[PDB]
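This document opens with one chain alone, in C-alpha cells, the form deposited in one PDB entry.
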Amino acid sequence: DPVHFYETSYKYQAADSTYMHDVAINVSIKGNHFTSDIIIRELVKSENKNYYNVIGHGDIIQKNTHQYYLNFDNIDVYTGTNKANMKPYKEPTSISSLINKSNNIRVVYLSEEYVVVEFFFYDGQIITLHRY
C-alpha cells in the first residue's frame, strides 16, 4: 500500500473583525487510514499572536468517486506563543466533535498534481491541495 500526501495552505479573514488564521494542512493517506497535521497561526488586534498544532489520525472512507469521509480516531491539540515550545491543550468543542464522527469531504476535481475539495472547515470551504 503506497502513501499519498496532500498539502495546502490558506488564510482566513473576517469581514467584521480583525481575527485572522494562517493555516497549513498536511495529510497522508494509506489504504483507508489517514494522518493529518494542521498548523495554525492566529492573529487579532486585541490580543497577541498564538499558534496551534492539531495532530489527528483516523479512517478515510470512500463512498463515491467524489464523496469521502474522514472519521478521526484521535486528535491532539497543542498551543503556544512561540513555535519553539508548544504544550498540550484540552480539545475545544470544534475539535472533540470531530472524533468518532464522519466528516464530509467532496472531491470536485482531481489531477496528478492537485485535488480540489469542498470540506467541513467553517461549515463549508473549498480548497486546492497539491498531490505528493
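One rule holds for the numbers: they count along the sequence shown, beginning at 1. In this text, the rigid core denotes the largest set of C-alpha atoms whose superposition between the two forms falls within 1.5 Å.
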Stretch with the greater mean C-alpha B-factor as recorded in the entry, comparing 20-28 against 107-115: 107-115
Mind pulling up the entry and telling me whether 49-57 or 84-92 has the higher mean Cα temperature factor? 84-92
Could you tell me which one of 77, 40, 99, 43 shows the highest CA temperature factor in the PDB record? 43
Taking the values exactly as deposited, rank residue 132 by C-alpha B-factor within its chain and report the matching third: lowest, middle or highest. highest
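Below, we turn to the form deposited in another entry, even though it does not appear here.
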Rigid core aligned, does the Cα position of residue 123 differ by 2 Å or more between this form and the one not shown? no
Residue 47 C-alpha shift between this form and the one not shown of 2 Å or more, rigid core reference: yes
Against the rigid core, is the Cα displacement of residue 111 between this form and the one not shown at least 2 Å? no
